[PDB]
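**Student:** Protein sequences appear in the order of chains H and A.
For the first sequence, the residue numbers in the authors' numbering are 2 to 94.
For the second sequence, the residue numbers in the authors' numbering are 27 to 457.
Every residue, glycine too, gets a C-beta built ideally from N, C-alpha and C.
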Amino acid sequence: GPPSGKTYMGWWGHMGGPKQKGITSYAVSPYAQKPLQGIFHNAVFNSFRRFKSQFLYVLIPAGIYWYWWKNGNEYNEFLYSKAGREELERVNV
Amino acid sequence: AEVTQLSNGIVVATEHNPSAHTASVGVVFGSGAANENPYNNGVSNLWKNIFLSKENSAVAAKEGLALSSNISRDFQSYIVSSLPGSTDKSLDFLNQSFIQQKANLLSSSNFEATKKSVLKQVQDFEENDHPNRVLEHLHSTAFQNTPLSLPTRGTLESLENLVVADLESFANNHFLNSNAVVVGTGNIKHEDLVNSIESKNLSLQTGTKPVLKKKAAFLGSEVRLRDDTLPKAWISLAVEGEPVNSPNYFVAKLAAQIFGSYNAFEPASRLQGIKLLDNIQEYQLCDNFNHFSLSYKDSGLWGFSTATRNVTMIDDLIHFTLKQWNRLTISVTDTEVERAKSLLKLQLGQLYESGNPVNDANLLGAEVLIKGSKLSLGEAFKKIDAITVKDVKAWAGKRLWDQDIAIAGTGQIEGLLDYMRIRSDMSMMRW
Numbered sequence: 002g003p004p005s006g007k008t009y010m011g012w013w014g015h016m017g018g019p020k021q022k023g024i025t026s027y028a029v030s031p032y033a034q035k036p037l038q039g040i041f042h043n044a045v046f047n048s049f050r051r052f053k054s055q056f057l058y059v060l061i062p063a064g065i066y067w068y069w070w071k072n073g074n075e076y077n078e079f080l081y082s083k084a085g086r087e088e089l090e091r092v093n094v
Numbered sequence: 027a028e029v030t031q032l033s034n035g036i037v038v039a040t041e042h043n044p045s046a047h048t049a050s051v052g053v054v055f056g057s058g059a060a061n062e063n064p065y066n067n068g069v070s071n072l073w074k075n076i077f078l079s080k081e082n083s084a085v086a087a088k089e090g091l092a093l094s095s096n097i098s099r100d101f102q103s104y105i106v107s108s109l110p111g112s113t114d115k116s117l118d119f120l121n122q123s124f125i126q127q128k129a130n131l132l133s134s135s136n137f138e139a140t141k142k143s144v145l146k147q148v149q150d151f152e153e154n155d156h157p158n159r160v161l162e163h164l165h166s167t168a169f170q171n172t173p174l175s176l177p178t179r180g181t182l183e184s185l186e187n188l189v190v191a192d193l194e195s196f197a198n199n200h201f202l203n204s205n206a207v208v209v210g211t212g213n214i215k216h217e218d219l220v221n222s223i224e225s226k227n228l229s230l231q232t233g234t235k236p237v238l239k240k241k242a243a244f245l246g247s248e249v250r251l252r253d254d255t256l257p258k259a260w261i262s263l264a265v266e267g268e269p270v271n272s273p274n275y276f277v278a279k280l281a282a283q284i285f286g287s288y289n290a291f292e293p294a295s296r297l298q299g300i301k302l303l304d305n306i307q308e309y310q311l312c313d314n315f316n317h318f319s320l321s322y323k324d325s326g327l328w329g330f331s332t333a334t335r336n337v338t339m340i341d342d343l344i345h346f347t348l349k350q351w352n353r354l355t356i357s358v359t360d361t362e363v364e365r366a367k368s369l370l371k372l373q374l375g376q377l378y379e380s381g382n383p384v385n386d387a388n389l390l391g392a393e394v395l396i397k398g399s400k401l402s403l404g405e406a407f408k409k410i411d412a413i414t415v416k417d418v419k420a421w422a423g424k425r426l427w428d429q430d431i432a433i434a435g436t437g438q439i440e441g442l443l444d445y446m447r448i449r450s451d452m453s454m455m456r457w
């Protein structure tokens, strides 16, 4: 077939990034190291570190919307009691 | 065609050849680059060049004497050559300038001039000689944290902090009569060399070289040195092999000869009886390769090296080559074994029967330092003709099938895939 409109990604050998010079990589085989090595020093170090960072962005929103659902559910149950029948006929009109 | 060894406290080996026109005499020591540490690495390469400097080669040239030297991982050499009726002058020069007096050679001016040239040699090697620096990097990842990892030329950083004291310390610890062999090749008779030595007394030092704390150990790993501006990719790959003085020494050499060596631009090299060539030539995935089986005192390596300009099909080259290796365990034929027998004999028959007495001296001294004796070429041939298909399959099932590997590469190696996809190709699944 014909070639189509090209991309921002290539394939192995011509992936399409910048030319690299002066970087060296080292590695060791997995058969030569011991797995399940430190996964405490992981759930107690890193999970608690990752939690402590990204928890005020999730919980301050959650606290505003849950308080809102509360004060509404509390007020509704008052409207349909017998002590809140006068208010019901005021607000429902 | 037979060697003769005697001992007087000094070992003296000799391969006399009456039909030659020269004679070589020297001393070989049993310490190499695998007998030094990361701080003084390259002290042996600097000892070689002090021997070959000007004012020592001038003094030899006025007498009609040529000089040579070689550094390896297990041994070093310091050789003198002459015409056949001039061998007693060769021994005197080797006595005076090397074993007894060397304050002349370790002067302050000759040491700096030698260090400057050696640093320029090593810097040039690391920028321009790509197939040889990748094989040195292979040794350093395979045997990391072990004495068989250190490069023979030295490293440009460790070579800068050397002083004369490092040379003198290394000499006192390793240039010793207990660690030495005196050799003689070409047109030289054993009795004359023995007589010339006892007329003098000729001893360097007594002995007690240090023992090496750590033993060599193989570790599967990789090191990648990426350079996108070079026009090719150079790769070498190996497993753990056989040491010297092993029962499987010749069987590993025969197995490397089965896959052999290749040059794409030579017409006759394209016609070799190698089944791997039926796969590469249709898309031309490489320019050349060569299979090796290297052996040392403690360990060895077995594998191949290659260079290629087809940087988008590297994964096909590694894949097809490793699948052919699998056949040594399963389905190697009798014709492939009878071919490698007779070509291995031609190979080492040309290495041990060249015309240069300098090569003879290095080979002889290194073999006698380990075994105490040299195996003749008529004996090695009989061991090779006694190998069967069963011996090959038994060797490969133990050394190749589902075993860890070491890899090194430089250049345009984006297309070289991760470790575990290459490691998985060491077994088939379809057996």
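Just tell me which of A:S166, A:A281, A:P269, A:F244 has its CA closest to the CA of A33 (chain H).
**Tutor:** Looking at A:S166, A:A281, A:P269, A:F244, the one whose alpha-carbon comes closest to that of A33 (chain H) is A:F244.
**Student:** At 4 residues or longer, what runs of the alpha helix (DSSP H) sit wholly inside the region 117-194 of chain A?
**Tutor:** The region 117-194 of chain A contains, as complete alpha helix (DSSP H) runs of 4+ residues, the segments 134-154, 156-168 (chain order).
**Student:** Against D430 (chain A), what residues of chain H qualify as contacts under a CB-to-CB distance less than 8 Å, listed in chain order?
**Tutor:** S30, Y32, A33
**Student:** Of the choices A:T140, A:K409, A:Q170, whose alpha-carbon is the least far from that of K240 (chain A)?
**Tutor:** Ranked by Cα distance from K240 (chain A), the options A:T140, A:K409, A:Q170 are led by A:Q170.
**Student:** Quick one, which of A:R425, A:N96, A:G58 has its alpha-carbon nearest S175 (chain A)'s?
**Tutor:** A:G58
**Student:** Counting beta carbon pairs with one atom in the region 141-152 of chain A and one in the region 176-185 of chain A, are three or more of them shorter than 8 Å?
**Tutor:** yes
**Student:** State yes or no: is the beta carbon of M16 (chain H) nearer than 8 Å to at least one beta carbon in chain A?
**Tutor:** yes
**Student:** If you run the structure through DSSP and keep just helix, strand and coil, what is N274 (chain A)?
**Tutor:** coil
**Student:** Below 8 Å, can you find three or more Cβ-Cβ pairs linking the region 223-232 of chain A to the region 113-124 of chain A?
**Tutor:** yes
**Student:** Find the nearest neighbour of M455 (chain A) within the set A:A434, A:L443, A:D428, A:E440, judged by alpha-carbon distance.
**Tutor:** If we check each option's Cα against that of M455 (chain A), A:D428 comes out closest.
**Student:** Is there a Cβ from chain A that is less than 8 Å from the Cβ of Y27 (chain H)?
**Tutor:** It does: the Cβ of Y27 (chain H) has a partner Cβ on chain A nearer than 8 Å.
**Student:** Is there contact between the region 34-51 of chain A and the region 71-80 of chain A, where contact requires at least three CB pairs shorter than 8 Å?
**Tutor:** no
**Student:** Among A:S134, A:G56, A:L188, A:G52, which one has its Cα closest to the Cα of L72 (chain A)?
**Tutor:** Relative to the Cα of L72 (chain A), the nearest Cα in the group A:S134, A:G56, A:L188, A:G52 belongs to A:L188.
**Student:** Whose C-alpha, out of A:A49, A:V363, A:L348, is nearest the C-alpha of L219 (chain A)?
**Tutor:** A:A49
**Student:** DSSP on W67 (chain H), reduced to helix/strand/coil?
**Tutor:** helix
**Student:** Give the interface partners of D254 (chain A) over in chain H, defined as CB-CB distance under 8 Å, in chain order.
**Tutor:** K20, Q21, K22
**Student:** If the cut-off is 8 Å on Cβ atoms, which residues from the region 226-254 of chain A count as contacting chain H, listed in chain order?
**Tutor:** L245, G246, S247, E248, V249, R250, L251, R252, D253, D254
**Student:** Where does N221 (chain A) sit, in a helix, a strand or coil, going by DSSP?
**Tutor:** helix
**Student:** How big is the Cα-Cα spacing for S48 (chain H) and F56 (chain H)?
**Tutor:** 12 Å
**Student:** Using a C-beta cutoff of 8 Å, does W13 (chain H) count as contacting chain A?
**Tutor:** yes
**Student:** Closest to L370 (chain A) by C-alpha separation, out of A:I261, A:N154, A:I97, A:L280, would be which residue?
**Tutor:** A:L280
**Student:** In chain H, which residues lie less than 8 Å from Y309 (chain A) when you measure between Cβ atoms?
**Tutor:** Neighbours of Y309 (chain A) on chain H: none; closest Cβ ~14 Å, over 8 Å.
**Student:** Run through DSSP, which three-state label would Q34 (chain H) get?
**Tutor:** coil
**Student:** Between the region 386-403 of chain A and the region 89-105 of chain A, can you find at least three pairs of beta-carbon atoms closer than 8 Å?
**Tutor:** yes
**Student:** DSSP three-state label for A264 (chain A), please.
**Tutor:** strand
**Student:** Could you tell me if the beta carbon of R353 (chain A) falls within a distance shorter than 7 Å of some heavy atom in the ligand GDP?
**Tutor:** Ligands in the displayed structure: none, and consequently the ligand GDP is not present.
**Student:** Applying the criterion that 16 or more other CB atoms from any shown protein chain within 10 Å of the CB defines a buried residue, is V237 (chain A) buried or exposed?
**Tutor:** exposed
**Student:** Select from A:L401, A:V363, A:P257, A:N199 the residue whose C-alpha is nearest the C-alpha of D411 (chain A).
**Tutor:** Nearest to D411 (chain A) by alpha-carbon distance, out of A:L401, A:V363, A:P257, A:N199, is A:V363.
**Student:** How many angstroms separate the CA atom of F201 (chain A) from the CA atom of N385 (chain A)?
**Tutor:** 21 Å
**Student:** Tell me which same chain residues have a C-beta within less than 8 Å of the C-beta of residue 19 (chain A), skipping the five on either side of it?
**Tutor:** As shown, chain A starts at 27 and ends at 457. That puts residue 19 (chain A) outside it, with no answer to give.
**Student:** Only counting the same chain, and skipping five residues up and downstream in sequence, which positions put a Cβ closer than 6 Å to that of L348 (chain A)?
**Tutor:** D451
**Student:** In this structure, what does DSSP give as the bridge partners for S45 (chain A)?
**Tutor:** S45 (chain A) is not bridged to any residue.
**Student:** Listing by chain order, which chain H residues have their CB less than 9 Å from the CB of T338 (chain A)?
**Tutor:** By Cβ distance, chain H contributes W12, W13, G14, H15.
**Student:** What is the rounded straight-line gap between the Cα of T30 (chain A) and the Cα of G212 (chain A)?
**Tutor:** 14 Å
**Student:** Return the residues of the region 421-448 of chain A that lie within a Cβ-Cβ distance of less than 7 Å from chain H, sorted by chain order.
**Tutor:** Answer in chain order: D430, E440, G441, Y445.
**Student:** Would the region 330-339 of chain A count as touching the region 295-308 of chain A if we require 3 or more Cβ pairs under 8 Å?
**Tutor:** As far as the Cβ criterion goes, the region 330-339 of chain A does not touch the region 295-308 of chain A, which means the pair count is below three.
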